[PDB]
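Here the structure is laid out as structure tokens; the discussion comes afterwards.
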Amino acid sequence: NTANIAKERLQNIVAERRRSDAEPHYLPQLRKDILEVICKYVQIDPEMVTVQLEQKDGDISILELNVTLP
Amino acid sequence: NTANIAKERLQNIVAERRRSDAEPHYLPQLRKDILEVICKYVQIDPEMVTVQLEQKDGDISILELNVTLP
Amino acid sequence: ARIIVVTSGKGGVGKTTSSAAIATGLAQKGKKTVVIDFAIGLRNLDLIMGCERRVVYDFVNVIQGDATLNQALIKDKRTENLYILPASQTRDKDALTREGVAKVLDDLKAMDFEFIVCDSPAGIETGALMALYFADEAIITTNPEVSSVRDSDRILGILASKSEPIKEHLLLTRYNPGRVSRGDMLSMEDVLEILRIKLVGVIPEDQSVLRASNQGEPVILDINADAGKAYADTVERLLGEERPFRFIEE
Amino acid sequence: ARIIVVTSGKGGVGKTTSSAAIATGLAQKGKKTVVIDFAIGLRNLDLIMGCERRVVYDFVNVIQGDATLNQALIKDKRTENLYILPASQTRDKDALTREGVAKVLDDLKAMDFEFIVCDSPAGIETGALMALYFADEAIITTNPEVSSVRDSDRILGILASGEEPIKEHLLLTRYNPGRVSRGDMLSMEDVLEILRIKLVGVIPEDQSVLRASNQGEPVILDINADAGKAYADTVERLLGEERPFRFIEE
Amino acid sequence: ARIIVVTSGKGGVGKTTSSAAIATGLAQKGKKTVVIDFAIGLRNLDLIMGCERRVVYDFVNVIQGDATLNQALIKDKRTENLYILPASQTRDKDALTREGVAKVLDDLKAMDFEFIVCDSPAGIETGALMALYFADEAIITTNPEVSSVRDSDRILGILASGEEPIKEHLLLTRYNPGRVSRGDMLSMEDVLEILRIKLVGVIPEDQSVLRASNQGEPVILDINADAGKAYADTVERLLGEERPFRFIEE
Amino acid sequence: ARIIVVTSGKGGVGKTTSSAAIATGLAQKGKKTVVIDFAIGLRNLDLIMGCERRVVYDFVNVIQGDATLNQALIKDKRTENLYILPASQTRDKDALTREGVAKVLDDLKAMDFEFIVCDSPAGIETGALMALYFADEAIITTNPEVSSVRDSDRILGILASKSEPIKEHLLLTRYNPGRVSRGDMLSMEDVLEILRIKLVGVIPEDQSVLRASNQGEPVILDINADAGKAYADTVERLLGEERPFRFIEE
Ligand SMILES: Nc1ncnc2c1ncn2[C@@H]1O[C@H](COP(=O)(O)OP(=O)(O)O)[C@@H](O)[C@H]1O
Ligand SMILES: Nc1ncnc2c1ncn2[C@@H]1O[C@H](COP(=O)(O)OP(=O)(O)O)[C@@H](O)[C@H]1O
Ligand SMILES: Nc1ncnc2c1ncn2[C@@H]1O[C@H](COP(=O)(O)OP(=O)(O)O)[C@@H](O)[C@H]1O
Ligand SMILES: Nc1ncnc2c1ncn2[C@@H]1O[C@H](COP(=O)(O)OP(=O)(O)O)[C@@H](O)[C@H]1O
């Protein structure tokens, strides 16, 4: 049943596409620049090292990032 | 009532001290090295730029860090 | 006049087939319609409308004042009320100016066209941006396939970074209910849960579509073709009539 | 190193499917191969190779010195000897420079890649021109359909306009022998009499191709798929071995 | 013989007062006890025991063989069964060796001492590490204050990092129930919820303690002092007798 | 720049309280001030200044080039002109090198700090020796108690075995005039007749000090606290202004 695999793969990207318009133009540029850089000192590929932005009821943001190490 | 303020300030530290023994001698060295570095490109002080390690029932870890931006 | 862009991002999903069948269907319903090819250097609309050999002047010729709208418009011989404005054949990105396209569209409204169907090219670059820019409505053409759904989402992002808004519709094309139930193909509902827009039509996979482009005869003209009937339903929905969705169950 | 462009003009004919299956097949044969997505703002190669989520740095990142070839290359996990360089996702047409692309290609030759497969986008514009510019060979991907054959001819005109010229090959894709004999589809021979170039492969219409992109697994990896077997034949022919054409008769 | 270290990390919490009062209380109960000053260059135990002027040889003198345990031990004149081994007064950190301290402790067990009370200095450095190293039990001395609770936690980390582990006890000192209820001072329960160890005693803030060190007379000897009575309760608890906690309510 | 060490020998006399209140008071008077924690493995200054959670880099990090003075300095948020350099948390005696500490002090003079307050740890060992070594002035912090007066005298012996000499001052802390007149506590004059140095301040026993460290707010900021006012007098005397000694009579 490949229709189910297709549906899951799709949501994770269009969630990704829906997300890119909420972020600034630099904040995601920096994360990709430096968090992945801790590769030389850690070394893992994603393979989810999750990234999730949140917000509070007061014009505040919350960029949380999960690091699931195996 | 300053005894209550004292108690809260204390728990945050002794949680900090209880925590330092749970992880490697480098992982917290790197985070302090580079996450705070995104200061030049972002600029905010903790403001507990929160940090929480988790684990799964399969010898797996989950280093998550919250970034509450004002 | 309702300016309707037929767009997609992904190449080869059925934009041309849909632009042709829909423009024809509207003409059949007595609505004076023109379908315009917005492609840059690739002439595919005239091939599907079957008038590849009557093309004298094109869209860019009219914009640069080398020809009148009357000289470039091709009146369809098979269907009353239908006209075609064909694409330029220069490798030139520019040509189709914003001011130029706007001037052409105003002339067409002045000629009393009720429907101006804009057959957009693939991509998110020049030709595609120009075709949606003046639209009142957009028909996002999609297949139950991973590349097509991803590229349609990118196109919705571009249509939305305009904040009367563009009325958006999903035209799910090359659908196969049998494939959906055997779990091999994204269902109509899976596609709606992802691209969250109003469904305007579902075109079944039909062997009549290859036979139609072979002849240069839009598939709505084949009264026995399931794809033809689903395009006639779409035209009804565009004219404001509710119609149950056929060819979604096997 | 053999630089092979997979091109077409017409959108949705099978360029991505073919670029993926062929790059994989070559890797399987022990030839160190890289497949590069030359698209502008539409990432479809990573989706078909199944590595859409491992994409950190892309082709444009390497050209602008924001990343090394080592940082942007994705080593396939399923097949040994295979690497993917994914496409940029900016609407910027400029991004891909002639000097930039040439520098990347030289670095890849220096890394001892035997085969550099260039997955070209649709059209005759920027991305498509850049993918064929440095090619040693071109795989013209075509369907037995009127729009596709017309657009492939336009592409041959561009490939044809110092050294040994671009070696051209026809990859006839989505073929259906049954449809050909009922007189509904252009035959292999009809297509060769029009686009007069050497046949390198014939990919049958196969229900395995939709299942393959659903999983992000190139169709050559499905050992029961007819499309997979026809792609393995194509790879043999690219390596200089003659092979009889299968799936041309019913 | 039970080797009990009196430790804290934070300076000036009551280690010396407690080491003195507890060693005396145990001696009063007929248990032959010695209290040893583990400080490096600061002699504070002899000052509180009131024998600052009878100090001839000290702990380091015995370790370096310049004196016998009999020559350095000071038999208390006021209480039967009590002895004091005073601290060295050199700035030399080395002086106190692991092998040296172990040899002294074995000699004391051989002299039939039931209780060896180790009065540790402040810090986490040399003298403090040496006093807890051979302990069977640790009395963590703490005030209801932020610096003291933080430094006691650091000490617990060191005590925790073969056999039955060091038995740990909390000696909450300089408590003031009135201050706790007006919300100005951490309560006994607040301190236990943070340093999660067994409570062994609570010493109230008492004006008798300043008067006791002024005279060089441990506060347990003042039969009217509340701090004295709370130290006598602590001694009972160390001897295995349960006792209700006095001076915790106002 | 005036480098002022706050020292004592005896633990828990008020060094941290005094270092904090004095550094703040000087900052309030518009003098750019930094207060440095010289402790080895015990962080108590950041706790009293209320910035325990903003500590990223410390004194040892700056010495070993893992951080700049700008990265380790914490600018106080509550008082203008005030900065904190916090202590390392390694059990390591060395770390704080003579050459290292000197380099930091020169950088601070270069940053235009008028006052560099050195919060020394207890003892006569490493951390304490390092804090007084470069001092221009020493504030000997003492209680009207026997252990404290004995240990302050030992510290004066070390400050004097240097023969512009270190300017020495006595900060008599936790004074209680009522206790003095009932004959239970050494008077201010008794302490001066023993440690024969210039009196710079007398801090009364005040219930405001426990409330201040509970909040992480130096006691000089509490405008109703007697201890706060006596610290503001001390700051005046350090700036060269004579002030009558308050809170010495009941
Ligand atoms: N409903 C359908 N059933 C079968 N084939 C279809 C259908 N719709 C389109 N096609 C085929 O898909 C291909 C793409 O159609 P086309 O209209 O040219 O795409 P586009 O305009 O998006 O490039 C053609 O080869 C056409 O025959
Ligand atoms: N041999 C085949 N049999 C059946 N479907 C195919 C075959 N080759 C390609 N397709 C389908 O045709 C569409 C276009 O394929 P794709 O490789 O993405 O086109 P392109 O890369 O040329 O734009 C896809 O929906 C793919 O599933
Ligand atoms: N229960 C108490 N009530 C009042 N003052 C006390 C009490 N316990 C200790 N003190 C005072 O606290 C200070 C530190 O006591 P001390 O035993 O010398 O500390 P340490 O040995 O831990 O360095 C002394 O000035 C002592 O008089
Ligand atoms: N003037 C004062 N009145 C009351 N308590 C005080 C006073 N000064 C200091 N203290 C208390 O004495 C203890 C020691 O203070 P601290 O500054 O931490 O000492 P040190 O730095 O010398 O170790 C703390 O528990 C503090 O609350």
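FYI, nothing fancy with the structure tokens labels: chains A, B, ... in order, residues from 1 per chain, ligands from 1 as they appear.
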* 9 Å shell around ligand 4 using only C-alpha atoms and all ligand atoms, listed as a PyMOL selection string -> (chain E and resi 10-13+143-148) or (chain F and resi 7-20+44-45+48+119-122+141-142+173-175+202-214+226-228)
* To do: If you run DSSP over the backbone, which residues in region 8-192 of chain E end up alpha helix (DSSP H)? Put them as number ranges by chain.
  => E: 15-28, 45-49, 59-63, 69-72, 98-110, 126-133, 146-159, 177-181, 188-192
Can you tell me which residues come within 6 Å of ligand 2 when counting only C-alpha atoms and all ligand atoms, ideally as a compact mmCIF listing (two decimals) with N, CA and C atoms, in the first residue's frame?
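The result, stored in selection-v7.txt:
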```
# COMPACT_ATOMS: atom_id res chain seq x y z
N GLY C 11 5.17 19.99 -14.88
CA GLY C 11 4.96 19.81 -16.31
C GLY C 11 4.21 18.51 -16.59
N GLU C 145 -0.03 12.29 -7.83
CA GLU C 145 1.38 11.92 -7.85
C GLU C 145 2.19 12.91 -7.02
N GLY D 11 7.13 19.00 -20.72
CA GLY D 11 7.06 18.65 -19.32
C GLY D 11 6.32 17.34 -19.11
N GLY D 12 6.71 16.62 -18.06
CA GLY D 12 6.10 15.36 -17.63
C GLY D 12 6.18 14.17 -18.56
N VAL D 13 7.34 13.94 -19.17
CA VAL D 13 7.54 12.82 -20.09
C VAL D 13 8.29 11.66 -19.43
N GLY D 14 9.03 11.94 -18.37
CA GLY D 14 9.80 10.92 -17.67
C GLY D 14 11.28 11.22 -17.47
N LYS D 15 11.70 12.50 -17.59
CA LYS D 15 13.10 12.92 -17.40
C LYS D 15 13.63 12.52 -16.03
N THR D 16 12.88 12.87 -14.99
CA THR D 16 13.25 12.58 -13.61
C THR D 16 13.30 11.06 -13.37
N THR D 17 12.25 10.33 -13.80
CA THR D 17 12.19 8.88 -13.66
C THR D 17 13.41 8.27 -14.33
N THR D 173 9.51 6.86 -24.12
CA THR D 173 9.00 6.48 -22.83
C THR D 173 7.47 6.45 -22.77
N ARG D 174 6.93 5.59 -21.88
CA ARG D 174 5.49 5.38 -21.71
C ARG D 174 4.90 4.76 -22.97
N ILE D 203 10.82 2.57 -22.77
CA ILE D 203 10.27 2.28 -21.45
C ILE D 203 8.79 2.04 -21.56
N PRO D 204 8.30 0.83 -21.25
CA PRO D 204 6.86 0.62 -21.35
C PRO D 204 6.09 1.35 -20.29
N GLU D 205 4.82 1.70 -20.59
CA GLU D 205 3.89 2.20 -19.60
C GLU D 205 3.85 1.14 -18.54
N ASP D 206 4.08 1.50 -17.30
CA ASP D 206 4.13 0.49 -16.26
C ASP D 206 3.51 1.01 -14.98
N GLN D 207 2.63 0.22 -14.37
CA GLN D 207 2.01 0.63 -13.12
C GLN D 207 3.03 0.66 -11.98
N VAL D 209 5.83 2.37 -12.00
CA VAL D 209 6.45 3.69 -11.92
C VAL D 209 5.73 4.57 -10.90
N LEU D 210 4.39 4.54 -10.84
CA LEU D 210 3.69 5.33 -9.83
C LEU D 210 4.03 4.82 -8.43
N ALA D 227 9.31 -1.62 -16.66
CA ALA D 227 9.99 -0.35 -16.84
C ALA D 227 11.39 -0.43 -16.25
```
* Asked: Got a sec to pull out which chain B residues are within 10 Å of chain F, counting only C-alpha atoms, and send them as a VMD selection string?
  -> chain B and resid 1 to 10 12 to 13 16 32 to 33 36 to 37 45 to 48
Residues of the last selection are to be written out with N, CA, C and O atoms, as a compact mmCIF listing (two decimals), in the first residue's frame.
```txt
# COMPACT_ATOMS: atom_id res chain seq x y z
N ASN B 1 7.39 38.46 50.59
CA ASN B 1 7.70 37.06 50.87
C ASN B 1 8.87 36.55 50.01
O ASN B 1 8.68 36.01 48.91
N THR B 2 10.07 36.66 50.56
CA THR B 2 11.30 36.32 49.85
C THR B 2 11.72 34.86 50.01
O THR B 2 12.53 34.38 49.20
N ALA B 3 11.16 34.13 50.99
CA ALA B 3 11.44 32.69 51.15
C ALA B 3 10.95 31.92 49.92
O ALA B 3 11.60 30.96 49.50
N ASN B 4 9.83 32.37 49.32
CA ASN B 4 9.31 31.70 48.14
C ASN B 4 10.20 31.95 46.94
O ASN B 4 10.49 31.00 46.22
N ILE B 5 10.70 33.18 46.77
CA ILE B 5 11.62 33.50 45.68
C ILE B 5 12.90 32.67 45.82
O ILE B 5 13.40 32.13 44.84
N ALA B 6 13.41 32.56 47.05
CA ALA B 6 14.61 31.79 47.33
C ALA B 6 14.44 30.34 46.92
O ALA B 6 15.31 29.79 46.25
N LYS B 7 13.30 29.73 47.30
CA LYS B 7 13.01 28.34 46.99
C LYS B 7 13.00 28.07 45.48
O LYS B 7 13.58 27.06 45.06
N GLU B 8 12.35 28.94 44.69
CA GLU B 8 12.27 28.75 43.23
C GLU B 8 13.64 28.88 42.60
O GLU B 8 13.98 28.07 41.74
N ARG B 9 14.44 29.88 43.01
CA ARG B 9 15.77 30.14 42.46
C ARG B 9 16.70 28.98 42.70
O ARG B 9 17.60 28.71 41.90
N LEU B 10 16.48 28.31 43.83
CA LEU B 10 17.25 27.19 44.29
C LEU B 10 16.99 25.94 43.50
O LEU B 10 17.94 25.23 43.16
N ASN B 12 15.91 25.66 40.45
CA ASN B 12 16.43 25.84 39.09
C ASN B 12 17.92 25.50 39.00
O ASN B 12 18.36 24.97 37.97
N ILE B 13 18.68 25.77 40.08
CA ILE B 13 20.12 25.51 40.13
C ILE B 13 20.45 24.06 40.44
O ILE B 13 21.39 23.50 39.88
N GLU B 16 19.95 22.16 37.82
CA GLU B 16 21.13 22.40 36.96
C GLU B 16 22.31 21.52 37.41
O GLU B 16 22.95 20.90 36.57
N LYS B 32 27.21 25.63 24.68
CA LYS B 32 27.60 26.92 25.22
C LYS B 32 28.51 27.61 24.23
O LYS B 32 28.46 28.83 24.10
N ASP B 33 29.30 26.84 23.49
CA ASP B 33 30.21 27.42 22.52
C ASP B 33 29.51 28.03 21.35
O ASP B 33 29.92 29.11 20.95
N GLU B 36 25.13 30.11 21.89
CA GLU B 36 25.26 31.47 22.38
C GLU B 36 25.93 32.31 21.34
O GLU B 36 25.64 33.49 21.26
N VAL B 37 26.80 31.71 20.51
CA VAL B 37 27.49 32.38 19.41
C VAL B 37 26.45 32.96 18.47
O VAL B 37 26.57 34.14 18.18
N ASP B 45 19.78 37.55 25.46
CA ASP B 45 20.42 36.90 26.59
C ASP B 45 19.39 36.00 27.23
O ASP B 45 18.20 36.27 27.08
N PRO B 46 19.86 34.94 27.87
CA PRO B 46 19.00 34.02 28.62
C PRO B 46 18.63 34.70 29.92
O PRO B 46 19.50 35.04 30.72
N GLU B 47 17.34 34.92 30.11
CA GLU B 47 16.32 34.42 29.19
C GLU B 47 16.56 32.94 28.90
O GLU B 47 16.75 32.54 27.75
N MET B 48 16.59 32.13 29.96
CA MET B 48 16.87 30.71 29.84
C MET B 48 16.51 30.28 28.43
O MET B 48 15.33 30.11 28.11
```
* Skipping near chain neighbours, those fewer than 4 positions away, what residues fall within 12 Å of residue 116 (chain C) using only C-alpha atoms, listed as a PyMOL selection string? -> chain C and resi 1-6+19-20+22-24+26-27+31-37+82-85+104-112+131-132+134-138
Serialized selection, N, CA, C and O atoms, as a compact mmCIF listing (two decimals), in the first residue's frame:
```txt
# COMPACT_ATOMS: atom_id res chain seq x y z
N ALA C 1 -15.90 40.28 -17.60
CA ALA C 1 -15.16 39.14 -18.14
C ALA C 1 -14.36 38.43 -17.06
O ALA C 1 -13.64 39.07 -16.29
N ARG C 2 -14.49 37.11 -17.02
CA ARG C 2 -13.76 36.30 -16.06
C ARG C 2 -12.47 35.81 -16.67
O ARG C 2 -12.51 35.06 -17.65
N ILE C 3 -11.34 36.25 -16.13
CA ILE C 3 -10.01 35.83 -16.56
C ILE C 3 -9.63 34.61 -15.73
O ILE C 3 -9.40 34.74 -14.53
N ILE C 4 -9.55 33.44 -16.36
CA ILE C 4 -9.22 32.20 -15.64
C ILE C 4 -7.87 31.65 -16.04
O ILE C 4 -7.72 31.19 -17.17
N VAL C 5 -6.91 31.60 -15.12
CA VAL C 5 -5.62 30.99 -15.40
C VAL C 5 -5.68 29.50 -15.11
O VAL C 5 -6.16 29.10 -14.05
N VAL C 6 -5.14 28.68 -16.01
CA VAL C 6 -4.98 27.24 -15.82
C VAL C 6 -3.50 27.01 -15.51
O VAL C 6 -2.68 27.16 -16.41
N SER C 19 -7.23 23.44 -20.53
CA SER C 19 -7.47 24.78 -21.06
C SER C 19 -8.31 24.69 -22.31
O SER C 19 -9.22 25.49 -22.51
N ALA C 20 -8.01 23.69 -23.15
CA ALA C 20 -8.70 23.47 -24.41
C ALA C 20 -10.11 22.96 -24.20
O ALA C 20 -11.05 23.55 -24.72
N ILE C 22 -11.99 23.04 -21.48
CA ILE C 22 -12.79 24.03 -20.76
C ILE C 22 -13.18 25.22 -21.63
O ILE C 22 -14.34 25.63 -21.58
N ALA C 23 -12.24 25.78 -22.42
CA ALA C 23 -12.57 26.91 -23.29
C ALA C 23 -13.66 26.52 -24.29
O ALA C 23 -14.61 27.29 -24.50
N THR C 24 -13.56 25.30 -24.85
CA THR C 24 -14.51 24.75 -25.81
C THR C 24 -15.89 24.58 -25.15
O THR C 24 -16.88 25.07 -25.69
N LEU C 26 -17.15 26.05 -22.55
CA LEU C 26 -17.74 27.37 -22.28
C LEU C 26 -18.32 27.95 -23.57
O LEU C 26 -19.42 28.51 -23.54
N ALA C 27 -17.60 27.80 -24.70
CA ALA C 27 -18.05 28.29 -26.01
C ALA C 27 -19.32 27.58 -26.42
O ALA C 27 -20.25 28.22 -26.89
N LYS C 31 -21.16 31.05 -24.40
CA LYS C 31 -20.32 32.10 -23.83
C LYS C 31 -19.14 32.38 -24.75
O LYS C 31 -18.33 31.48 -25.00
N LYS C 32 -19.03 33.62 -25.26
CA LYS C 32 -17.92 34.01 -26.13
C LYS C 32 -16.59 33.90 -25.36
O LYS C 32 -16.37 34.64 -24.40
N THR C 33 -15.72 32.97 -25.79
CA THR C 33 -14.49 32.66 -25.08
C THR C 33 -13.23 32.73 -25.92
O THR C 33 -13.23 32.27 -27.06
N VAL C 34 -12.14 33.18 -25.32
CA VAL C 34 -10.82 33.14 -25.95
C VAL C 34 -9.86 32.37 -25.04
O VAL C 34 -9.85 32.59 -23.83
N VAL C 35 -9.03 31.50 -25.61
CA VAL C 35 -8.03 30.78 -24.83
C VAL C 35 -6.66 31.24 -25.34
O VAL C 35 -6.41 31.21 -26.54
N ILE C 36 -5.79 31.71 -24.43
CA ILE C 36 -4.48 32.26 -24.78
C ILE C 36 -3.33 31.39 -24.31
O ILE C 36 -3.26 31.05 -23.13
N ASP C 37 -2.38 31.11 -25.21
CA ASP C 37 -1.20 30.35 -24.86
C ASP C 37 -0.12 31.30 -24.33
O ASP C 37 0.40 32.12 -25.08
N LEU C 82 -15.82 30.39 -30.12
CA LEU C 82 -14.49 30.07 -29.61
C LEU C 82 -13.35 30.68 -30.42
O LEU C 82 -13.38 30.64 -31.65
N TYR C 83 -12.33 31.23 -29.72
CA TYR C 83 -11.17 31.87 -30.34
C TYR C 83 -9.88 31.47 -29.66
O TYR C 83 -9.89 31.16 -28.47
N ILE C 84 -8.76 31.49 -30.39
CA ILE C 84 -7.46 31.09 -29.86
C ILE C 84 -6.42 32.16 -30.14
O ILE C 84 -6.27 32.56 -31.28
N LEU C 85 -5.66 32.56 -29.12
CA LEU C 85 -4.54 33.47 -29.32
C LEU C 85 -3.26 32.65 -29.09
O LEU C 85 -3.03 32.20 -27.97
N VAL C 104 -3.70 43.88 -23.99
CA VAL C 104 -4.38 42.82 -24.74
C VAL C 104 -5.67 42.42 -24.02
O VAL C 104 -6.71 42.31 -24.67
N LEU C 105 -5.60 42.18 -22.70
CA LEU C 105 -6.76 41.75 -21.92
C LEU C 105 -7.88 42.79 -21.96
O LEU C 105 -9.04 42.41 -22.08
N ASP C 106 -7.53 44.09 -21.91
CA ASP C 106 -8.55 45.13 -21.98
C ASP C 106 -9.22 45.15 -23.36
O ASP C 106 -10.45 45.25 -23.43
N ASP C 107 -8.43 44.97 -24.43
CA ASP C 107 -8.98 44.89 -25.78
C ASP C 107 -9.95 43.74 -25.92
O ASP C 107 -10.97 43.88 -26.58
N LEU C 108 -9.64 42.60 -25.29
CA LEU C 108 -10.49 41.42 -25.35
C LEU C 108 -11.81 41.65 -24.61
O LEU C 108 -12.85 41.25 -25.11
N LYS C 109 -11.77 42.33 -23.44
CA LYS C 109 -12.98 42.69 -22.70
C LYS C 109 -13.84 43.60 -23.59
O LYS C 109 -15.05 43.43 -23.66
N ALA C 110 -13.17 44.53 -24.31
CA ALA C 110 -13.83 45.48 -25.22
C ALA C 110 -14.47 44.77 -26.41
O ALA C 110 -15.46 45.27 -26.95
N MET C 111 -13.94 43.61 -26.79
CA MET C 111 -14.49 42.82 -27.88
C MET C 111 -15.62 41.93 -27.39
O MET C 111 -16.13 41.11 -28.15
N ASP C 112 -16.02 42.10 -26.11
CA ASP C 112 -17.14 41.40 -25.48
C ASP C 112 -16.90 39.92 -25.19
O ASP C 112 -17.86 39.14 -25.17
N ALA C 131 0.78 34.70 -16.52
CA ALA C 131 -0.54 34.15 -16.79
C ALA C 131 -1.46 34.25 -15.58
O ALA C 131 -2.68 34.34 -15.76
N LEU C 132 -0.90 34.22 -14.35
CA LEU C 132 -1.71 34.26 -13.13
C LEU C 132 -1.87 35.69 -12.63
O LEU C 132 -2.88 36.00 -12.00
N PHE C 134 -2.95 38.58 -13.69
CA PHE C 134 -4.22 39.29 -13.86
C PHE C 134 -5.44 38.43 -13.66
O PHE C 134 -6.56 38.89 -13.91
N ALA C 135 -5.25 37.19 -13.22
CA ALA C 135 -6.35 36.27 -13.07
C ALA C 135 -7.35 36.68 -12.02
O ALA C 135 -7.01 37.37 -11.07
N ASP C 136 -8.60 36.27 -12.23
CA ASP C 136 -9.69 36.41 -11.27
C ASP C 136 -9.87 35.07 -10.63
O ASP C 136 -10.35 34.97 -9.51
N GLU C 137 -9.51 34.01 -11.37
CA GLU C 137 -9.59 32.64 -10.87
C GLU C 137 -8.41 31.82 -11.34
O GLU C 137 -7.84 32.10 -12.39
N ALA C 138 -8.07 30.79 -10.59
CA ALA C 138 -6.97 29.89 -10.93
C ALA C 138 -7.45 28.47 -10.84
O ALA C 138 -8.11 28.11 -9.87
```
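Omitting residue 199 (chain F) and its sequence neighbours fewer than 5 positions away, and counting only C-alpha atoms, the residues within 8 Å are residues 169, 170, 171, 172 and 192 of chain F.
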* To do: Between CA of residue 106 (chain E) and CA of residue 197 (chain E), measure the distance and give it in Å to one decimal.
  =>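 Distance between the two atoms: 29.0 Å.
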Return the neighbours of chain B among the residues of chain E, cut-off 7 Å, counting only C-alpha atoms, as a PDB file with C-alpha atoms, in the first residue's frame.
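Saved result, part-v3.pdb, follows:
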```
ATOM      1  CA  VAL E 146      20.691  30.407  49.339  1.00  0.00           C
ATOM      2  CA  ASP E 153      24.319  20.334  47.046  1.00  0.00           C
ATOM      3  CA  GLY E 183       8.016  34.225  54.882  1.00  0.00           C
ATOM      4  CA  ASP E 184      11.577  35.545  55.284  1.00  0.00           C
ATOM      5  CA  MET E 185      13.414  32.252  55.676  1.00  0.00           C
ATOM      6  CA  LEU E 186      13.447  28.920  53.876  1.00  0.00           C
ATOM      7  CA  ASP E 190      11.871  23.677  51.734  1.00  0.00           C
ATOM      8  CA  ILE E 194      15.944  20.471  47.733  1.00  0.00           C
TER       9      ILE E 194
END
```
* Asked: Which residues, written as a PyMOL selection string, have at least one atom at most 12 Å from residue 132 (chain D), with only C-alpha atoms counted and residues fewer than 4 positions away on the same chain left out?
  -> chain D and resi 3-9+38+98+101-102+116-128+136-140+155-156+158-161+165-168
Export of prior selection with C-alpha atoms as a short mmCIF file (atom, residue, chain, number, x, y, z; two decimals), in the first residue's frame:
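Printed below is part.cif as written:
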```
data_model
loop_
_atom_site.label_atom_id
_atom_site.label_comp_id
_atom_site.auth_asym_id
_atom_site.auth_seq_id
_atom_site.Cartn_x
_atom_site.Cartn_y
_atom_site.Cartn_z
CA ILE D 3 28.51 14.06 -18.79
CA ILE D 4 25.02 12.91 -19.84
CA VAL D 5 22.13 15.38 -20.02
CA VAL D 6 18.57 13.97 -19.77
CA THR D 7 16.42 16.55 -21.67
CA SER D 8 12.98 16.85 -23.47
CA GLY D 9 11.39 20.30 -23.82
CA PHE D 38 19.33 21.41 -12.77
CA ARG D 98 28.13 28.96 -16.77
CA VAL D 101 28.49 24.92 -13.30
CA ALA D 102 31.84 24.33 -15.08
CA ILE D 116 27.73 12.76 -14.31
CA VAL D 117 23.99 12.51 -15.07
CA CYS D 118 22.39 15.96 -15.56
CA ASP D 119 18.62 15.86 -14.83
CA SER D 120 17.43 18.81 -16.92
CA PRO D 121 14.22 20.73 -16.32
CA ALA D 122 11.47 21.24 -19.01
CA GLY D 123 11.67 24.12 -21.49
CA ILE D 124 14.31 25.71 -23.67
CA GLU D 125 15.02 28.60 -21.21
CA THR D 126 17.80 28.89 -18.54
CA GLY D 127 17.96 25.65 -16.49
CA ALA D 128 17.58 23.43 -19.60
CA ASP D 136 28.97 14.91 -24.03
CA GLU D 137 25.70 13.07 -24.59
CA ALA D 138 21.98 13.89 -24.58
CA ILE D 139 19.11 11.55 -23.83
CA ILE D 140 16.06 13.11 -25.55
CA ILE D 155 15.29 20.70 -28.33
CA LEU D 156 17.24 18.94 -31.12
CA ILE D 158 19.01 23.84 -29.80
CA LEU D 159 21.42 20.88 -29.24
CA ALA D 160 22.58 21.30 -32.87
CA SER D 161 23.16 25.08 -32.79
CA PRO D 165 29.47 16.89 -31.22
CA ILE D 166 26.91 15.94 -28.51
CA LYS D 167 26.07 12.24 -29.01
CA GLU D 168 22.22 12.14 -29.20
#
```
* Asked: Pick from F:232, F:183, F:133, F:177: nearest to residue 160 (chain F), with only C-alpha atoms counted?
  ->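 For residue 160 (chain F), the nearest of the candidates is F:133.
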* Structure fact -> Restricting to only C-alpha atoms, whichever of E:85, E:172, E:74, E:39 is closest to chain F is E:39
